[PDB]
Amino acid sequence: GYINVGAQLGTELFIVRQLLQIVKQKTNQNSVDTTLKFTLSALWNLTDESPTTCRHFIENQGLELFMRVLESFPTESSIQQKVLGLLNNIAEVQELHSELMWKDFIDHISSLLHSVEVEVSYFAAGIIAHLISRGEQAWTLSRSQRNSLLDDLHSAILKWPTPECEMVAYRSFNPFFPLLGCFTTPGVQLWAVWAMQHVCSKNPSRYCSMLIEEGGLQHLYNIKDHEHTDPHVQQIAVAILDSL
């Protein structure tokens, strides 16, 4: 039994609200506890493929709470991966795009995009890739930054070694397929195919089939035979292809 029809949703957004509180007290205490990392992980996981959870996160001042954990724990890369991992999930939500066009934010993840630790800059890239993928009209901050970041995206990826373990898990590749078509912005394209290549080669049982069943092959073959394609994007896309 449960309390009333339609009440499970309110319970989940309440849980979000309480987790964010635990984040706010751990940050006031400057206390990098296991409870705090458990909490950032819970938030991260609850925003996976949940625009509703993501919008609740934004409306409870989450974006500013998290800019503040990034500034309070500058040397904590585990904390930085979970923060940015969630912000990557937010970045996937189109209607939340304007909410992320804040300058203290872009400027911060833009710093993290140049972290040499792929477990941190992979998600900073994901955020940026998703935002740029809208671009033109949608970019309401420094048009020089968008054009700058588009090059920093493309070049940070080239430097990335392959990760030790899996840094991330996906239930679906659908949020990547819009990126795959962004020929005019090759770093956007390059993060998506790099992302796909990474998870497929670490755990092909789960992901190679997922990739094929959601039509990913179509998109990858589409990059390949659209031969006016960035060569680094072509490189990875044909490497994902000849592996299936």
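A residue's number is simply how far along the shown sequence it sits, counting from 1.
For this session: Taking the mean of the C-alpha B-factors per stretch from the entry, tell me the winner out of 78-86 and 130-138.
Result: Going by the record's values, the stretch with the higher mean is 130-138.
Problem set entry | Selected stretch [higher average CA B-factor]: 51-59 or 177-185 | So the stretch with the higher mean C-alpha B-factor is 177-185.
Problem set entry | Largest Cα B-factor, entry values, listed residues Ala169, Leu96, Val116, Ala124 | In the PDB entry, the greatest C-alpha B-factor among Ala169, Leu96, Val116, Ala124 is found at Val116.
Exercise. With respect to C-alpha B-factor, does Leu70 fall in the lowest, middle or highest third of the chain as deposited?
Worked result: Within its chain, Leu70 is a middle-third residue by C-alpha B-factor, going by the deposited values.
Exercise. Ranked by Cα temperature factor within the chain, is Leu217 in the lowest third, the middle third or the highest third?
Worked result: As the PDB entry reports it, the C-alpha B-factor of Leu217 lands in the middle third of its chain.
For this session: Could you look up the Cα B-factor of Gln25 in the entry and say which third of the chain it sits in: lowest, middle or highest?
Result: Within its chain, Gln25 is a highest-third residue by C-alpha B-factor, going by the deposited values.
For this session: Please place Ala7 in the lowest, middle or highest third of its chain by C-alpha B factor as given in the entry.
Result: For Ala7, whose C-alpha B-factor we compare with every modelled residue in the chain, the answer is the lowest third.
For this session: Compare the C-alpha B factor of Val199 with those of the other modelled residues in its chain, then answer lowest, middle or highest third.
Result: Middle third of the chain for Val199's C-alpha B-factor.
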